[PDB]
Amino acid sequence: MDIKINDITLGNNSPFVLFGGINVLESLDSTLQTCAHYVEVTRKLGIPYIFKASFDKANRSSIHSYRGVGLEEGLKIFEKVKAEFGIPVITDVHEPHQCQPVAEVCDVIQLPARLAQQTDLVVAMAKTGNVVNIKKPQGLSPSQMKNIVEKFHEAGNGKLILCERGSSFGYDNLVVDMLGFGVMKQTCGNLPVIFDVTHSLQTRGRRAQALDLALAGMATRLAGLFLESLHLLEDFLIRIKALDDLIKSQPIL
Amino acid sequence: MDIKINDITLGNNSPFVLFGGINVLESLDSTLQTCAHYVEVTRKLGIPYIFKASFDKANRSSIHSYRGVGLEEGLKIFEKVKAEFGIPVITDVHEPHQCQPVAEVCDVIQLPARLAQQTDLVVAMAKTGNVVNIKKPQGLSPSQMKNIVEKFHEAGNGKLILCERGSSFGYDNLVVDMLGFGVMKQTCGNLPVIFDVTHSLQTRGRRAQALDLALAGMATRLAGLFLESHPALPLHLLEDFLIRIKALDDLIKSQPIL
Amino acid sequence: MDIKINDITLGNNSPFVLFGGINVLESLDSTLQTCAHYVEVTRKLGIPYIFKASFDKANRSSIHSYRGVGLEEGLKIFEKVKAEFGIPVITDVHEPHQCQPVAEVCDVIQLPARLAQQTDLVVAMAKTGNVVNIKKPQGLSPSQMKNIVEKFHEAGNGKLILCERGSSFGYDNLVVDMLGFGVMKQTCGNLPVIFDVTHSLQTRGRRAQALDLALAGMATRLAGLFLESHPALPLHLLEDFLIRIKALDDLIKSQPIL
Amino acid sequence: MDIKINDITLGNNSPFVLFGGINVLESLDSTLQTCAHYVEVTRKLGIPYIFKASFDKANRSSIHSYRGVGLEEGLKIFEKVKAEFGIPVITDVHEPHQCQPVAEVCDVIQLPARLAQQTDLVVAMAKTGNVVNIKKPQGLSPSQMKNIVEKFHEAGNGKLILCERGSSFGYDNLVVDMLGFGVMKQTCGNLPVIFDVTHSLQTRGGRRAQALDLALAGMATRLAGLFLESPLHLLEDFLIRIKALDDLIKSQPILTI
Ligand SMILES: [Cl-]
Ligand SMILES: [Cl-]
Ligand SMILES: [Cl-]
Ligand SMILES: [Cl-]
Ligand SMILES: [Cl-]
């Protein structure tokens, strides 16, 4: 099943889409700057692009840590991104009451992995009618993602993306099961599956790692990737696109 | 560090406290009947007891499964349990706004494991000044519980209980690391550590399992045991179960720490 | 199923048996010294005891590391231990040809965990007719221990002890699943299950840890405890450790099963 | 570091080598038949190929499962395979004493994973001077493979291949950590790394589609080879896809500074 996000076609047999941006929104200017870099790089390589940021850092290291610009100002910044660059955007939501106002602006809304079993949040997200990115919890098996999907379907929204972000491996470590992508396609109706390489590595030189992991996941035939930014983003994306184009050219077996 | 919960002393070197009751508050009469059974059995054996239930079960298996009676009616039911039996009660909160009204009635408030890194909820719970039970996420190592504790301390609340629920072990399966209890005691200032045996097992006759797991954990010297029954351990086997737990706890607690 | 080892009855509803001694045999005199300490401690506490050591470290990280006295000298030492103290002994075997000569002297022969899939070794061990201790591999689930048991049964030896030593948990770390003991009892015909607390900890002060873990495992009702000291727990803490283990085992074993 | 195995160059920057064959040797005729099928498919695509079989397999699932024809007849079969097809061969050894006579014939000798810490076997294998395939245990972290490598080095042999097979993931299941390949390369001197996809999967259109995804994922990380444990057109279709990816990957320089 493909999903149309404005003029972008997201699907497991379509050219991969890049989801990327910044961790937390800090100001309009630094956001536009970062977005412009991703736009410039993705445009010249011919890769569809969706800009990602959080308006709120929900898990702060301190009760006094900077939390980001917050919802009202964050939505202003997202509106400016869309106007300046004409691309879709994606953000995460953490409370049911945030879903409707966020969805008025953001093309894709994201269900954080730790909250993926929170029924009130699922229902509120579904009711927006927006495209939803479902982050797979670190402790959920790939074959149980279908139970989340079933909830969203019961709540009336089928525009769902499934997003791998690794599985708990002992204490304080993650592993990515490359067979999970296939299990999720098979059991969830071939909804688009994307790979959050950044969060999959959070516990693991490091640029080489991200590239190896991204290549491995994209070899399994996926709708898209998350990655964070001398020209390392372009060097990564060149290689990713080469592999994606090759894989997408082979008939499915 | 011990914590006083009304007339109960909760601590890792005190007689274990039973936290038990039901999954979701579904009605007043049935809640009182269940609680009366736990009361009778725990009074008979001399075990301190705190009644547990959810008023809003936020992580149901279907979106239209009953969430429970909700905040206002749930708090009334809790008030009635406290008035009838004179025991403390414990319930979970999911949203910052619920923290004050729940804390006014409930003697312990619970931070759900999945929400345990949500800073807004941690702060709102801390600020009530109530005793707090912190559920350990399945994906968090026991040496990182101190980071949740630190956030409560920064927010001004040190009346904290740490609750083991198991750790992710491959797919859809939990293991309880018996060494985690000690890691938590050592890194978190010997706050009370309790064991949620019910949620530790839900990924796994079954009564025999709960008993083996409960005994093992209590052998490591814990402040309490957290469980659910169904009118989950069968409610009528409660006395036999608790006899065995009390036996072990009394033996362990009677010996000095080595 | 109980197993008689000379005058010792080993079984999951019998008083626990201590399997203890040293990592590797280095000399007769140090071996007799260490064994004498274990003998006097266990005799006074009334705990059945089997002396353990390896005659060869087959798996050291250097090709030049000390490996121990070796088979010929090692069997001479075990003969002297038995003659001096009148106790059974246990050692591991790593090659099929060692099984018959080892079994002539050693009451219990041990299958190293890494070698548990080696059919040639299983057959050679089984054919001795000796009691066998099966070290549970770190990657084998407790419901699959029956596969190793099956092989020994097919080879005509049912005198088997199942020895827990932890399960792989991410990289370079082990966890002990307290529910795994029950699974093994249920699926392997209630053969004696024992717990190797030492090896279960080698990826993880240490004294308090070993005690907590040992108490936890024994709370599940086990035939025995397997451990190492060095003159591994310090040898002089042995008595205080065993006092606590015995207190808990006595309590558990006094409670009717169910 | 590359390793020359007759006319094959095995290395993490070289065209991938296929390792495959039959589980246990039963007879010369049956062996030649199966080898000829792998030879035909691999020659059609131009993929370097090493035939694998056990002569005495000590870790079968039943104690009376056939272990193979044994050393003397097994080595006669391998001699004939090498002579008929002009390819290298690989076999596992578990007995220190068998290392020498096996190495007279078998180009690569394989260290079973469960035996990988057994010092006497490691030394005996090392002393042959042959290429050695080290099977990575399910319970060993990739940063600890260097300790096995070190024991081989001490015993005088550096012609080592590292074979990934997956890692223990809770009970029963194995997961392949795609980052482990890189950790092995970095810590073990860029020795050739090969991927045993089949083992990696035994615990999990059905199995063929899985094996294909998993093999592609591993080969995307830049590997010296692919290793299969025990349809003519199905192996061909599978290898076409692996070769495509490998050729793409291997043609691009390793990422800059
Ligand atoms: Cl539903
Ligand atoms: Cl709860
Ligand atoms: Cl959790
Ligand atoms: Cl041992
Ligand atoms: Cl292995």
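Residues numbered from 1 in each chain as written, not as in the entry; some residues may be left out. Chains lettered and ligands numbered in written order. Heavy atoms only, no water. Residues with missing side-chain atoms left out of burial classes, pairs and counts.

As documented in the archive entry, the model was determined using X-ray crystallography at 1.7500 Å resolution.

Chemist: I'd like a description of the overall build of chain B, backed by residues and values.
Modeler: Along its length, chain B carries 9 helices and 13 strands. In terms of overall dimensions, chain B is globule-like: its C-alpha atoms have a radius of gyration of 17 Å, near the 18 Å expected for 258 residues. Dimensions of chain B, computed from C-alpha atoms along their principal axes, come out at roughly 45 × 40 × 40 Å. (Helix = DSSP H or I, 4+ residues; strand = E, 2+ residues; numbered from the N terminus. Rg over C-alpha atoms; globule rule 2.2 N^0.38 Å.)

Chemist: Tell me about the environment of B:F78, and name the residues and values.
Modeler: Residue and element names in this part refer to chain B. With respect to the element layout, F78 can be found in helix α2 (residues 71–85). Residue classification places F78 among the buried positions, given a relative accessible area of 0%. C-alpha separation for the pair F78 and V41, spaced 37 residues apart in sequence, amounts to 20 Å. (Buried < 20%, exposed > 50% of the residue type's maximum accessible area, 1.4 Å probe, protein only.)

Chemist: Quick one: what's the story with the packing of helix α1 (residues 28–45) of chain B against helix α9 (residues 238–253) of chain B, residue by residue and with numbers?
Modeler: Residue and element names in this part refer to chain B. At a closest axis distance of 10 Å, the pairing of α1 and α9 adopts a crossing angle of 35°. α9 is crossed by α1, and the crossing has right-handed handedness. Across the interface between the two elements, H37, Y38, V41, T42, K44 and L45 from α1 touch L238, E239, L242, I243 and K246 from α9. Tallied by class, the residues present in the contact of α1 with α9 amount to 6 nonpolar, 2 polar and 3 charged. (Axes fitted to C-alpha atoms, helices over the stretch in contact; angles between N-to-C directions. Left-handed = near helix turned anticlockwise from the far one by under 90°. Contact = heavy atoms within 4.5 Å. Nonpolar A, V, L, I, M, F, W, Y, C, P; charged D, E, K, R; others polar.)

Chemist: Provide a residue-level description of α1(B), including the pertinent values.
Modeler: Residue and element names in this part refer to chain B. With 18 residues, α1 extends 26 Å between its outermost C-alpha atoms, agreeing within 8% with the 26 Å of an ideal straight helix rising 1.5 Å per residue. Residues of α1 that are buried: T31, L32, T34, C35, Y38, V39, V41, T42 and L45. Tucked into the core, α1 has its buried residues touching β3 (17–24), β4 (49–54), α2, β12 (224–230) and α9. Looking at where α1 begins, the residue whose side-chain oxygen comes 3.3 Å from the main-chain nitrogen of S30 is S27. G46 lies just past α1 and shows a positive phi near 75°. (Expected span 1.5 Å × (residues − 1). Polar contact = N/O pair within 3.5 Å; in protein donor to acceptor, adjacent residues only side chain to side chain.)

Chemist: So what's going on with the interface of chain A and chain B? Residues and values would help.
Modeler: Contacts between chain A and chain B engage 33 residues on the former and 31 residues on the latter. With both sides pooled, the region where chain A packs onto chain B buries about 2800 Å², and carbon together with sulfur makes up 45% of that total. At the boundary of chain A with chain B, the tally comes to 4 salt bridges. A salt bridge links B:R67 to A:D120; its shortest N-O distance comes to 2.4 Å. Mapped by element, the contributors of at least two residues to the side of chain A that touches chain B are α4 (119–127), α5 (145–154) and β9 (167–168) of chain A. (Buried area = accessible area lost by both parts, 1.4 Å probe. Salt bridge = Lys/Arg side-chain N within 4 Å of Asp/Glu carboxyl O.)

Chemist: Break down the pattern of salt bridges for me, citing the residues and quoting the values.
Modeler: Within this structure, the stated rule accounts for 43 salt bridges over all chains. Among the salt bridges present, the one from C:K135 reaches C:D196, with a minimum N-O distance of 2.9 Å. A residue pair is termed long-range when its members are at least 10 positions apart, and C:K135 in strand β7 (residues 131–135) and C:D196 in strand β11 (residues 193–196) qualify at 61 residues. In this structure, C:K135 and C:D196 share a single accessibility class: buried. Residue D:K135 is joined to D:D196 by a salt bridge in which the shortest nitrogen-to-oxygen separation is 4.0 Å. You can see D:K135 sitting in strand β7 (residues 131–135) and its partner D:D196 sitting in strand β11 (residues 193–196), a full 61 residues away along the chain. Of the residues examined, D:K135 reaches a relative accessible area of 11% and is grouped as buried. On the accessibility criterion, D:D196 (0% relative accessible area) is buried.

Chemist: Kindly report on the sheet that holds strand β12 (residues 224–226) of chain A, identifying the contributing residues and their values.
Modeler: Residue and element names in this part refer to chain A. On the basis of which strands lie adjacent, the closed barrel formed by 8 strands has the order β3-β4-β5-β6-β7-β8-β11-β12 and parallel pairing. Recorded for the sheet is a direction-independent mean angle of 25° between the axes of neighbouring strands. When strand β5 (residues 89–92) meets strand β6 (residues 108–111), the two strands line up parallel, connected through 3 bridges. Bridged to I90 within β6 is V108. (Pairing = 2+ DSSP bridges.)

Chemist: Please give an account of the environment of D:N173 that cites residues and values.
Modeler: Turning to its location among the elements, D:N173 is positioned in the loop between β9 (167–168) and β10 (174–175). As for D:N173 and D:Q202, which are separated by 29 residues in sequence, their C-alpha atoms are 8.7 Å apart. Residues contacting D:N173, with those up to four places away along its chain left out, are B:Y171, D:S167, D:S168, D:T203 and D:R204. Among the polar contacts made by the side chain of D:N173, one reaches the main-chain carbonyl oxygen of D:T203 at a distance of 3.5 Å.

Chemist: Provide a residue-level description of the state of the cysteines, including the pertinent values.
Modeler: Scanning all chains against the criterion turns up 0 disulfides over all chains. No disulfide involves A:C99; its nearest neighbouring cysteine sulfur is the one of A:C106, lying 11 Å away. Judged by its relative accessible area of 1%, A:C99 falls in the buried class. Here B:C35 stays unpaired: no disulfide links it, and the sulfur of B:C106, its closest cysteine neighbor, is 12 Å away. (Disulfide = S-S within 2.5 Å.)

Chemist: So what about the nonpolar core? Which residues, and what values?
Modeler: Formed by 311 residues in total, the largest nonpolar core has its most connected members in B:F51, C:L225 and D:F51. Sequence-distant contacts of C:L225, that is, excluding residues within four places in its chain, are made with C:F16, C:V17, C:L18, C:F19, C:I194, C:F195, C:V197, C:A214, C:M218, C:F241 and C:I245. (Core = buried A, V, L, I, M, F, W, Y, C linked by side-chain atoms within 4.5 Å.)

Chemist: Got a sec to walk through the interface of chain D and chain B? Specific residues and values, please.
Modeler: Across the boundary between the two partners, chain D contributes 5 residues, which contact 5 residues of chain B. On the chain D side of the contact with chain B, D:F169, D:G170 and D:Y171 bury the most area, a combined 79% of that side's loss. There are 0 salt bridges connecting chain D and chain B. Connecting chain D to chain B are 0 residue pairs in polar contact.

Chemist: Tell me about the sheet that holds strand β12 (residues 225–227) of chain D, and name the residues and values.
Modeler: All names here are of chain D. A barrel is described by the order of its strands in space; here 8 strands give the closed sequence β3-β4-β5-β6-β7-β8-β11-β12, paired in parallel fashion. Sheet twist, expressed as the average angle between the axes of neighbouring strands with direction ignored, equals 25°. Here strand β3 (residues 17–24) runs beside strand β4 (residues 49–54); their pairing, made up of 5 bridges, is parallel. What sits directly across from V24, in β4, is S54. Of the strands in this sheet, β8 (160–164) and β11 are in contact with helix α6 (residues 180–187), which crosses β11 at around 150°.

Chemist: Any chance you could break down unusual backbone geometry for me, citing the residues and the numbers?
Modeler: Of note, the phi angle at A:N190 is positive, near 55°, even though the residue is not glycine. On the secondary structure map, A:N190 appears in the loop between α6 (179–187) and β11 (193–196). On the basis of relative accessible area, A:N190 is assigned to the partly exposed category, the value being 35%. You will see that D:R222, though not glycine, has its phi angle at about 85°, which is positive. For D:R222, the location among the structural elements is in the loop between α8 (206–219) and β12. Residue classification places D:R222 among the buried residues on the basis of a relative accessible area of 8%.

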